[PDB]
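Each remark here refers to the structure printed beneath this line.
Every residue, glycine as well, gets a Cβ built from its backbone with ideal geometry; the counts of neighbours run over all protein chains shown. Each answer follows from the model by the rule given with it, or from the source it names; these are not laboratory values.
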Amino acid sequence: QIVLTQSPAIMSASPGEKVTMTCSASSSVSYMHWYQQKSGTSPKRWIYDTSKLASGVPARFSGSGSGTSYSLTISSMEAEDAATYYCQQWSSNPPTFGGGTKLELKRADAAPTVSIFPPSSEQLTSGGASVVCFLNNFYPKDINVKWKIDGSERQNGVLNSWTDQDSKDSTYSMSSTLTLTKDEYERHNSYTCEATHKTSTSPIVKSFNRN
Amino acid sequence: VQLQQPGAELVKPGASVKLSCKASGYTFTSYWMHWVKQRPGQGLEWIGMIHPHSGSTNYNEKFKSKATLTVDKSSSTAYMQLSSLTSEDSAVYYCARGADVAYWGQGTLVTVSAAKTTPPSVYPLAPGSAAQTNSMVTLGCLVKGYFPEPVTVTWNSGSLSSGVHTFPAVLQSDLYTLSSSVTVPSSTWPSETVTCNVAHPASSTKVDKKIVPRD
(Lines give C-alpha, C1' and ligand atoms only; values in the text may rest on other atoms or scores of the structure.)
Protein backbone atom coordinates (compact mmCIF):
# COMPACT_ATOMS: atom_id res chain seq x y z
CA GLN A 1 0.00 0.00 0.00
CA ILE A 2 1.21 3.42 -1.24
CA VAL A 3 4.36 2.77 -3.23
CA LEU A 4 7.00 5.55 -3.12
CA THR A 5 9.50 6.37 -5.85
CA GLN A 6 12.84 8.13 -6.19
CA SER A 7 13.47 10.61 -9.01
CA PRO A 8 16.87 9.87 -10.47
CA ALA A 9 17.86 6.32 -9.48
CA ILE A 10 21.51 7.34 -9.59
CA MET A 11 23.01 10.86 -9.85
CA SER A 12 26.47 12.32 -10.54
CA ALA A 13 27.09 15.81 -9.21
CA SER A 14 30.22 17.95 -8.73
CA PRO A 15 30.69 20.05 -5.54
CA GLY A 16 29.17 23.49 -5.32
CA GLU A 17 26.18 22.73 -7.54
CA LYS A 18 22.66 22.65 -6.14
CA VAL A 19 20.79 19.36 -6.62
CA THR A 20 17.39 17.89 -5.91
CA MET A 21 15.81 14.41 -6.01
CA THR A 22 12.23 13.36 -5.47
CA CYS A 23 9.81 10.99 -3.88
CA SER A 24 6.44 10.63 -5.54
CA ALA A 25 3.67 8.48 -4.18
CA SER A 26 0.60 6.37 -4.74
CA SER A 27 -1.26 8.63 -2.30
CA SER A 28 -2.00 11.79 -0.45
CA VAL A 29 0.48 11.65 2.37
CA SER A 30 0.95 13.69 5.52
CA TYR A 31 4.60 13.96 6.58
CA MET A 32 7.39 12.38 4.53
CA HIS A 33 10.72 10.92 5.47
CA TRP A 34 14.18 10.32 4.19
CA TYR A 35 17.16 8.33 5.27
CA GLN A 36 20.73 8.21 4.09
CA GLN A 37 22.67 5.00 3.86
CA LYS A 38 26.39 5.05 3.18
CA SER A 39 27.21 1.66 1.65
CA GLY A 40 27.43 -1.39 3.93
CA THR A 41 26.21 0.25 7.19
CA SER A 42 22.52 0.82 8.09
CA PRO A 43 20.82 4.14 7.20
CA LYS A 44 20.79 7.20 9.47
CA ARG A 45 17.82 9.18 10.77
CA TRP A 46 18.00 11.86 8.12
CA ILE A 47 14.85 13.67 7.09
CA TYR A 48 11.55 13.54 8.87
CA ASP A 49 8.30 15.42 9.06
CA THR A 50 8.64 16.62 5.50
CA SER A 51 11.29 19.21 6.29
CA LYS A 52 12.37 18.69 9.86
CA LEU A 53 16.07 17.79 9.91
CA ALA A 54 17.65 15.36 12.38
CA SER A 55 20.37 17.06 14.42
CA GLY A 56 23.78 16.57 12.84
CA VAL A 57 22.29 17.00 9.40
CA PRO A 58 24.12 19.84 7.69
CA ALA A 59 21.76 22.65 6.73
CA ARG A 60 22.67 22.29 2.99
CA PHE A 61 19.46 20.31 2.95
CA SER A 62 15.81 21.19 2.56
CA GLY A 63 12.64 19.13 2.67
CA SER A 64 10.09 20.12 0.11
CA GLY A 65 6.97 18.00 0.12
CA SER A 66 3.74 18.50 -1.76
CA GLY A 67 0.75 16.36 -0.69
CA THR A 68 1.75 13.50 -3.01
CA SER A 69 5.03 14.38 -4.69
CA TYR A 70 7.91 15.49 -2.56
CA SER A 71 11.44 16.65 -3.24
CA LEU A 72 14.69 16.53 -1.37
CA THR A 73 17.02 19.44 -2.07
CA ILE A 74 20.72 20.04 -1.58
CA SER A 75 21.95 23.56 -1.95
CA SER A 76 25.75 23.47 -2.23
CA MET A 77 27.30 20.03 -2.51
CA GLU A 78 30.10 18.66 -0.32
CA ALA A 79 32.02 15.38 -0.27
CA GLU A 80 30.19 14.16 2.80
CA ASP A 81 26.97 14.60 0.89
CA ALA A 82 28.19 11.60 -1.20
CA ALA A 83 25.82 8.78 -0.26
CA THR A 84 22.46 7.11 -1.02
CA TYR A 85 18.89 8.10 -0.02
CA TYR A 86 15.32 6.83 0.42
CA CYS A 87 11.84 8.08 1.44
CA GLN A 88 9.66 6.64 4.27
CA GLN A 89 5.89 6.76 4.76
CA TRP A 90 4.54 6.78 8.29
CA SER A 91 0.96 7.04 7.19
CA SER A 92 0.14 3.88 5.27
CA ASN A 93 -1.29 1.08 7.39
CA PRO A 94 1.79 -0.88 6.22
CA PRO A 95 4.61 1.73 6.02
CA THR A 96 6.60 1.74 2.71
CA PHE A 97 10.20 2.78 1.73
CA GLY A 98 11.17 4.68 -1.43
CA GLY A 99 13.23 3.60 -4.45
CA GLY A 100 16.71 4.71 -3.44
CA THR A 101 18.54 7.61 -5.00
CA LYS A 102 22.32 7.23 -5.21
CA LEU A 103 24.77 10.22 -5.17
CA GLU A 104 28.34 10.48 -6.37
CA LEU A 105 30.77 13.18 -7.33
CA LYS A 106 31.27 14.37 -10.91
CA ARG A 107 35.00 14.01 -11.47
CA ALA A 108 37.34 14.80 -14.36
CA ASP A 109 36.61 12.02 -16.90
CA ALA A 110 39.37 9.50 -16.30
CA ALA A 111 40.26 6.50 -18.41
CA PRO A 112 40.88 3.06 -17.00
CA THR A 113 44.04 0.92 -16.81
CA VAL A 114 43.15 -2.53 -17.87
CA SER A 115 45.15 -5.47 -16.60
CA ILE A 116 44.55 -9.05 -17.79
CA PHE A 117 46.09 -12.11 -16.17
CA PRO A 118 46.04 -15.60 -17.80
CA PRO A 119 45.37 -18.63 -15.58
CA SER A 120 47.78 -19.50 -12.80
CA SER A 121 49.98 -22.63 -12.43
CA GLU A 122 47.69 -24.23 -9.85
CA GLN A 123 44.38 -23.67 -11.64
CA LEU A 124 45.52 -26.08 -14.35
CA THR A 125 46.03 -28.87 -11.83
CA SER A 126 42.30 -28.03 -11.36
CA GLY A 127 40.98 -27.73 -14.96
CA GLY A 128 38.19 -25.18 -14.45
CA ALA A 129 40.51 -22.35 -15.49
CA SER A 130 39.97 -18.59 -15.27
CA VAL A 131 41.05 -15.11 -16.52
CA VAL A 132 40.67 -11.59 -15.04
CA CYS A 133 40.29 -8.08 -16.39
CA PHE A 134 41.20 -5.44 -13.88
CA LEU A 135 39.95 -2.08 -14.91
CA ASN A 136 40.92 0.59 -12.41
CA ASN A 137 40.35 4.10 -11.25
CA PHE A 138 38.19 5.47 -14.04
CA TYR A 139 35.22 7.79 -14.40
CA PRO A 140 32.46 8.25 -15.25
CA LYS A 141 30.44 5.06 -14.53
CA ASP A 142 29.40 4.14 -18.11
CA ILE A 143 31.40 1.06 -19.17
CA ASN A 144 30.67 -1.40 -21.97
CA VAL A 145 32.91 -4.08 -20.58
CA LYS A 146 32.86 -7.07 -22.93
CA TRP A 147 35.26 -9.93 -23.75
CA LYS A 148 35.87 -11.65 -27.13
CA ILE A 149 37.23 -15.20 -27.33
CA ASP A 150 38.45 -15.49 -30.90
CA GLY A 151 36.64 -12.24 -31.65
CA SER A 152 33.43 -14.01 -30.66
CA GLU A 153 31.62 -11.61 -28.27
CA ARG A 154 31.15 -14.11 -25.36
CA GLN A 155 27.80 -13.65 -23.53
CA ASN A 156 27.94 -16.01 -20.55
CA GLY A 157 30.37 -17.32 -17.92
CA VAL A 158 31.38 -13.84 -16.73
CA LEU A 159 31.71 -12.62 -13.11
CA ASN A 160 31.73 -8.85 -12.46
CA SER A 161 32.42 -7.03 -9.24
CA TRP A 162 32.75 -3.33 -8.62
CA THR A 163 33.92 -1.13 -5.81
CA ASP A 164 32.54 2.40 -5.63
CA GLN A 165 33.94 5.93 -5.22
CA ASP A 166 37.48 4.99 -4.07
CA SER A 167 37.30 7.23 -0.98
CA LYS A 168 40.85 8.32 -1.81
CA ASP A 169 41.06 7.83 -5.59
CA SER A 170 37.38 9.08 -5.92
CA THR A 171 36.68 6.70 -8.75
CA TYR A 172 35.76 3.11 -9.50
CA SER A 173 37.37 -0.22 -10.36
CA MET A 174 35.80 -3.49 -11.62
CA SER A 175 37.41 -6.97 -11.65
CA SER A 176 35.50 -9.17 -14.09
CA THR A 177 36.52 -12.82 -14.65
CA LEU A 178 35.86 -15.75 -17.11
CA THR A 179 35.98 -19.58 -16.95
CA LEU A 180 35.95 -23.14 -18.48
CA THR A 181 38.11 -26.32 -18.30
CA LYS A 182 41.44 -27.12 -19.68
CA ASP A 183 39.00 -28.11 -22.45
CA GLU A 184 36.86 -25.81 -24.63
CA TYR A 185 39.47 -23.25 -23.77
CA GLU A 186 42.27 -25.20 -25.42
CA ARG A 187 39.35 -24.70 -27.76
CA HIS A 188 39.11 -21.03 -28.82
CA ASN A 189 42.18 -18.76 -29.25
CA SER A 190 42.53 -14.90 -29.13
CA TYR A 191 41.55 -14.86 -25.48
CA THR A 192 41.02 -11.10 -25.17
CA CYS A 193 38.85 -8.42 -23.38
CA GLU A 194 37.65 -4.87 -24.22
CA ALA A 195 35.75 -2.17 -22.37
CA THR A 196 34.20 1.04 -23.72
CA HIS A 197 34.37 4.33 -21.77
CA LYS A 198 32.63 7.72 -22.07
CA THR A 199 36.01 9.30 -22.94
CA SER A 200 37.56 7.18 -25.68
CA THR A 201 34.40 6.19 -27.66
CA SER A 202 37.45 5.13 -29.61
CA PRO A 203 37.65 1.71 -27.77
CA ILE A 204 40.67 0.52 -25.71
CA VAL A 205 41.55 -3.05 -24.85
CA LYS A 206 44.24 -5.49 -23.65
CA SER A 207 44.57 -8.73 -25.67
CA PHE A 208 46.12 -12.22 -25.51
CA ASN A 209 47.04 -15.13 -27.82
CA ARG A 210 49.82 -17.05 -26.11
CA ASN A 211 50.79 -20.03 -28.25
CA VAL B 1 21.19 3.39 24.26
CA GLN B 2 21.63 2.74 20.47
CA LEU B 3 20.43 -0.74 19.42
CA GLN B 4 22.34 -4.03 19.54
CA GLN B 5 22.08 -7.21 17.50
CA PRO B 6 24.58 -10.10 17.29
CA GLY B 7 27.43 -11.05 14.87
CA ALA B 8 26.57 -12.48 11.47
CA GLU B 9 24.20 -15.37 10.65
CA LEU B 10 24.15 -18.35 8.27
CA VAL B 11 21.56 -20.88 7.16
CA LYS B 12 20.63 -24.13 5.52
CA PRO B 13 17.50 -23.61 3.38
CA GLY B 14 14.08 -24.80 4.61
CA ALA B 15 15.08 -24.17 8.23
CA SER B 16 14.37 -21.71 11.05
CA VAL B 17 16.34 -19.08 13.12
CA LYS B 18 16.32 -16.92 16.34
CA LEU B 19 17.61 -13.32 15.86
CA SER B 20 18.16 -11.02 18.77
CA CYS B 21 17.79 -7.34 19.50
CA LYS B 22 18.75 -6.20 23.01
CA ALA B 23 18.03 -2.87 24.74
CA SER B 24 18.35 -1.01 28.08
CA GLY B 25 17.08 -2.33 31.48
CA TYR B 26 14.61 0.59 31.02
CA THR B 27 12.99 2.48 28.04
CA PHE B 28 12.32 -1.07 27.00
CA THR B 29 8.66 -2.08 27.19
CA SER B 30 7.54 1.40 26.01
CA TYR B 31 8.88 1.54 22.46
CA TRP B 32 7.38 0.42 19.18
CA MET B 33 9.94 -1.91 17.55
CA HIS B 34 10.09 -2.81 13.87
CA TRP B 35 12.17 -5.02 11.67
CA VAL B 36 13.43 -4.34 8.17
CA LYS B 37 14.60 -6.44 5.25
CA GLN B 38 17.39 -5.34 2.98
CA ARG B 39 18.81 -7.88 0.50
CA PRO B 40 22.24 -6.62 -0.67
CA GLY B 41 21.38 -4.05 -3.32
CA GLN B 42 17.74 -4.17 -2.29
CA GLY B 43 15.57 -1.26 -1.25
CA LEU B 44 13.62 -1.57 1.95
CA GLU B 45 10.91 -3.92 3.13
CA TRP B 46 8.95 -3.25 6.27
CA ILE B 47 8.18 -6.46 8.03
CA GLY B 48 5.84 -6.29 11.01
CA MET B 49 6.20 -4.52 14.32
CA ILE B 50 5.72 -5.52 17.89
CA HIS B 51 5.02 -3.84 21.16
CA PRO B 52 6.88 -4.78 24.36
CA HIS B 53 4.27 -3.84 26.98
CA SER B 54 1.36 -5.72 25.47
CA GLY B 55 3.46 -7.83 23.18
CA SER B 56 1.15 -7.13 20.28
CA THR B 57 2.54 -8.22 16.92
CA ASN B 58 1.61 -6.84 13.52
CA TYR B 59 3.19 -8.61 10.52
CA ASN B 60 3.09 -7.17 7.04
CA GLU B 61 0.82 -9.25 4.86
CA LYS B 62 3.40 -10.71 2.56
CA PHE B 63 5.38 -12.24 5.40
CA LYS B 64 2.62 -13.24 7.84
CA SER B 65 3.52 -16.90 7.29
CA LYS B 66 7.30 -16.90 6.97
CA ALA B 67 7.98 -14.46 9.88
CA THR B 68 6.96 -14.12 13.55
CA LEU B 69 7.78 -11.66 16.26
CA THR B 70 8.06 -11.91 20.04
CA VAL B 71 9.67 -10.43 23.15
CA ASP B 72 11.12 -11.17 26.57
CA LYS B 73 9.91 -8.53 29.06
CA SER B 74 12.72 -9.75 31.33
CA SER B 75 15.91 -9.96 29.31
CA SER B 76 15.38 -6.50 27.80
CA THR B 77 15.48 -8.15 24.39
CA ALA B 78 13.10 -8.63 21.46
CA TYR B 79 13.64 -11.72 19.35
CA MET B 80 12.14 -11.66 15.90
CA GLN B 81 12.60 -14.94 14.11
CA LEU B 82 12.18 -16.65 10.75
CA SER B 83 11.68 -20.21 9.42
CA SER B 84 11.97 -22.06 6.09
CA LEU B 85 14.11 -19.71 4.00
CA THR B 86 15.72 -19.32 0.52
CA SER B 87 19.15 -18.26 -0.98
CA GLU B 88 16.65 -15.43 -1.62
CA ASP B 89 15.52 -14.83 1.93
CA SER B 90 19.30 -14.26 2.29
CA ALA B 91 19.60 -10.65 3.49
CA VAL B 92 20.33 -8.12 6.25
CA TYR B 93 17.80 -7.26 8.96
CA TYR B 94 17.56 -4.57 11.62
CA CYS B 95 15.17 -3.65 14.40
CA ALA B 96 14.56 0.03 15.39
CA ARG B 97 12.46 2.53 17.49
CA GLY B 98 11.32 6.23 17.56
CA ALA B 99 8.36 8.66 17.23
CA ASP B 100 9.23 11.01 14.37
CA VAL B 101 12.82 9.92 15.03
CA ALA B 102 14.71 6.66 14.10
CA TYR B 103 18.21 5.81 15.58
CA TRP B 104 18.64 2.29 14.08
CA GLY B 105 20.61 -0.83 14.97
CA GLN B 106 23.82 -1.94 13.30
CA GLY B 107 21.73 -4.54 11.38
CA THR B 108 22.43 -8.26 10.92
CA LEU B 109 23.40 -10.26 7.89
CA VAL B 110 21.84 -13.58 7.15
CA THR B 111 22.97 -16.13 4.63
CA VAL B 112 20.86 -18.85 3.05
CA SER B 113 23.21 -21.37 1.35
CA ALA B 114 24.12 -25.11 1.27
CA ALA B 115 27.87 -25.94 1.60
CA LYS B 116 30.14 -25.57 4.70
CA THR B 117 33.53 -23.98 5.71
CA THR B 118 35.66 -24.14 2.55
CA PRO B 119 39.22 -22.91 2.81
CA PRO B 120 39.97 -21.09 -0.46
CA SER B 121 41.74 -21.86 -3.72
CA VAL B 122 44.44 -19.16 -3.76
CA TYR B 123 46.03 -18.24 -7.11
CA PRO B 124 48.29 -15.24 -7.88
CA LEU B 125 48.36 -12.94 -10.92
CA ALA B 126 51.32 -11.84 -13.14
CA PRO B 127 51.19 -10.18 -16.65
CA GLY B 128 52.30 -11.51 -20.09
CA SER B 129 55.71 -9.97 -19.26
CA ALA B 130 55.05 -6.21 -19.63
CA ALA B 131 52.27 -7.15 -22.10
CA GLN B 132 50.54 -4.33 -20.22
CA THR B 133 52.89 -1.62 -21.43
CA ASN B 134 53.18 0.74 -18.45
CA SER B 135 56.00 2.23 -16.32
CA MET B 136 54.15 0.65 -13.35
CA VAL B 137 52.84 -2.92 -13.79
CA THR B 138 49.69 -4.38 -12.08
CA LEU B 139 49.32 -7.39 -9.81
CA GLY B 140 46.71 -9.66 -8.09
CA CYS B 141 45.71 -12.46 -5.71
CA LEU B 142 42.70 -14.52 -6.75
CA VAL B 143 40.62 -16.18 -4.05
CA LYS B 144 38.27 -18.67 -5.68
CA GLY B 145 36.49 -21.74 -4.27
CA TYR B 146 35.16 -20.57 -0.89
CA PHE B 147 31.90 -20.20 1.03
CA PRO B 148 32.24 -18.95 4.62
CA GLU B 149 32.76 -15.19 4.48
CA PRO B 150 34.60 -13.07 5.11
CA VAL B 151 37.91 -13.32 3.39
CA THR B 152 40.78 -10.99 4.12
CA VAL B 153 43.77 -10.06 1.91
CA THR B 154 46.98 -8.22 2.68
CA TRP B 155 49.82 -7.82 0.27
CA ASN B 156 53.11 -8.95 1.68
CA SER B 157 51.00 -8.34 4.78
CA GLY B 158 49.57 -4.88 5.59
CA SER B 159 52.77 -3.57 4.08
CA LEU B 160 51.01 -2.03 1.06
CA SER B 161 49.68 1.51 1.01
CA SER B 162 47.81 2.52 -2.12
CA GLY B 163 46.70 1.30 -5.55
CA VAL B 164 45.55 -1.63 -3.52
CA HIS B 165 42.05 -1.99 -4.88
CA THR B 166 40.18 -4.95 -3.32
CA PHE B 167 36.99 -6.30 -4.71
CA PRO B 168 33.73 -7.46 -3.18
CA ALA B 169 32.81 -11.11 -2.96
CA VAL B 170 30.87 -12.52 -5.89
CA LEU B 171 29.01 -15.52 -4.47
CA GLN B 172 27.88 -18.07 -7.03
CA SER B 173 27.30 -21.89 -7.08
CA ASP B 174 26.86 -21.46 -3.36
CA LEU B 175 30.54 -20.34 -3.35
CA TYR B 176 32.08 -17.00 -2.43
CA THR B 177 34.89 -15.78 -4.67
CA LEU B 178 36.71 -12.44 -4.76
CA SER B 179 39.74 -10.90 -6.44
CA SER B 180 42.13 -8.17 -5.27
CA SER B 181 44.76 -6.15 -7.09
CA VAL B 182 47.79 -3.97 -6.40
CA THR B 183 49.80 -1.78 -8.71
CA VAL B 184 53.54 -1.01 -8.57
CA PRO B 185 56.47 0.54 -10.58
CA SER B 186 58.51 -1.42 -13.06
CA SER B 187 61.11 -0.63 -10.39
CA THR B 188 59.39 -2.66 -7.71
CA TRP B 189 58.09 -6.26 -8.18
CA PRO B 190 60.22 -7.21 -11.16
CA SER B 191 62.91 -8.11 -8.58
CA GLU B 192 61.32 -7.70 -5.14
CA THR B 193 59.58 -9.71 -2.43
CA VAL B 194 55.79 -9.44 -2.91
CA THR B 195 53.82 -12.00 -1.00
CA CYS B 196 50.12 -11.61 -0.45
CA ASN B 197 48.82 -12.60 2.95
CA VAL B 198 45.53 -14.14 1.89
CA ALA B 199 43.63 -15.20 5.02
CA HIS B 200 40.53 -16.86 6.53
CA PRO B 201 38.95 -16.83 10.02
CA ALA B 202 36.91 -19.91 9.18
CA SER B 203 39.65 -22.30 8.00
CA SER B 204 42.23 -20.20 9.94
CA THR B 205 44.78 -20.37 7.09
CA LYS B 206 47.31 -17.70 6.52
CA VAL B 207 47.97 -18.91 2.99
CA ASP B 208 50.79 -16.31 2.72
CA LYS B 209 51.59 -16.91 -0.96
CA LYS B 210 54.41 -15.07 -2.87
CA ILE B 211 54.49 -13.79 -6.48
CA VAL B 212 57.00 -13.72 -9.40
CA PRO B 213 56.53 -13.89 -13.24
CA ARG B 214 57.50 -16.79 -15.61
CA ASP B 215 54.23 -18.70 -14.88
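Out of all the residues in segment B:139-153, is one or more more than 17 Å from the chain's Cα centre (by Cα), surrounded by 15 or more Cβ atoms within 10 Å (Cβ to Cβ) and among the β-branched types (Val, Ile, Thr)?
For segment B:139-153, residues more than 17 Å from the chain's Cα centre (by Cα), surrounded by 15 or more Cβ atoms within 10 Å (Cβ to Cβ) and among the β-branched types (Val, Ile, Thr): absent.
Can you tell me which residue within segment B:69-125, out of those that are among the charged types (D, E, K, R) and either touching a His at 6+ places or on another chain (Cβ under 6 Å) or part of a loop (DSSP other than H, G, I, E, B) (or both), is nearest to residue B:54 (Cα to Cα)?
Restricting to residues being among the charged types (D, E, K, R) and either touching a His at 6+ places or on another chain (Cβ under 6 Å) or part of a loop (DSSP other than H, G, I, E, B) (or both), the top hit is B:73.
Please specify each residue of segment A:94-124 satisfying the condition of being within 11 Å of another protein chain (Cβ to nearest Cβ) and closer than 18 Å to residue A:196 by Cβ.
A:113, A:114, A:115, A:116
Can you pull out the residues in segment B:142-176 that are of a type in the set (S, T, N, Q) and away from chain A (no Cβ under 11 Å)?
B:152, B:154, B:156, B:157, B:159 - these are the residues of segment B:142-176 that are of a type in the set (S, T, N, Q) and away from chain A (no Cβ under 11 Å).
Residues of segment B:34-47 being within 9 Å of chain A (Cβ to nearest Cβ) and outside any loop (DSSP other than H, G, I, E, B), which ones?
B:34, B:36, B:38, B:45, B:46
Among the numbered criteria (1) more than 12 Å from every other protein chain (Cβ to nearest Cβ); (2) crowded, with 19+ Cβ neighbours inside 10 Å; (3) β-branched (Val, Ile, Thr), which one does residue B:118 miss?
Result: residue B:118 passes all but (2).
Counting only residues that are under 14 Å from residue B:125 (Cα atoms) and more than 27 Å from the chain's Cα centre (by Cα), how many does segment B:157-209 have?
4
Can you say whether residue A:107 is closer than 30 Å to residue B:5 by Cβ and either aliphatic (A, V, I, L, M) or surrounded by 14 or more Cβ atoms within 10 Å (Cβ to Cβ) (or both), as far as the supplied structure shows?
no
Run down A:9, A:54, A:59, A:25 and say which single residue is more than 12 Å from every other protein chain (Cβ to nearest Cβ) and closer than 28 Å to residue A:167 by Cα.
None of the other options fit; the residue is A:59.
What pairs come up if the first residue lies in segment A:34-63 and is assigned by TED's automatic domain parsing to the domain that holds residue A:89 and under 16 Å from residue B:98 (Cβ atoms), the second is hydroxyl-bearing (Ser, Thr, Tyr) and loosely packed, with under 14 Cβ neighbours inside 10 Å, and their beta carbons are under 7 Å apart, counting only those six or more places apart or on different chains?
A:45/B:103
Checking the structure you have, find out if any residue of segment B:67-80 is free of Cβ contacts under 8 Å to residues at least 12 places away in the same chain and β-branched (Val, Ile, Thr).
To start, the set of residues in segment B:67-80 that are free of Cβ contacts under 8 Å to residues at least 12 places away in the same chain comprises B:72, B:74.
When the remaining residues are screened for being β-branched (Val, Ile, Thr), the result is none.
Looking through segment B:67-80, none of the residues is free of Cβ contacts under 8 Å to residues at least 12 places away in the same chain and β-branched (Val, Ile, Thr).
Could you tell me which numbered condition residue A:77 fails, if it satisfies all but one of (1) more than 14 Å from chain B (Cβ to nearest Cβ); (2) out of contact with any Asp or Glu (no Cβ under 6 Å at 6 or more places or on another chain); (3) of a type outside the set (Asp, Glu)?
(2)
Within the bounds of segment B:144-152, is there any residue that is within 30 Å of residue B:16 (Cβ to Cβ) and small (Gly, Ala, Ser)? Working first, answer last.
Residues of segment B:144-152 that are within 30 Å of residue B:16 (Cβ to Cβ), as a first pass: B:145-151.
The next check asks that each one be small (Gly, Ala, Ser); those that pass are B:145.
For segment B:144-152, residues within 30 Å of residue B:16 (Cβ to Cβ) and small (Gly, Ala, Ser): present.
Somewhere in segment A:81-90, is a residue at the interface with chain B (Cβ under 10 Å from one of its Cβ atoms), in contact (Cβ under 8 Å) with a residue 40 or more places away in the chain and within 16 Å of the chain's Cα centre (by Cα)?
Yes, because at least one residue in segment A:81-90 is at the interface with chain B (Cβ under 10 Å from one of its Cβ atoms), in contact (Cβ under 8 Å) with a residue 40 or more places away in the chain and within 16 Å of the chain's Cα centre (by Cα).
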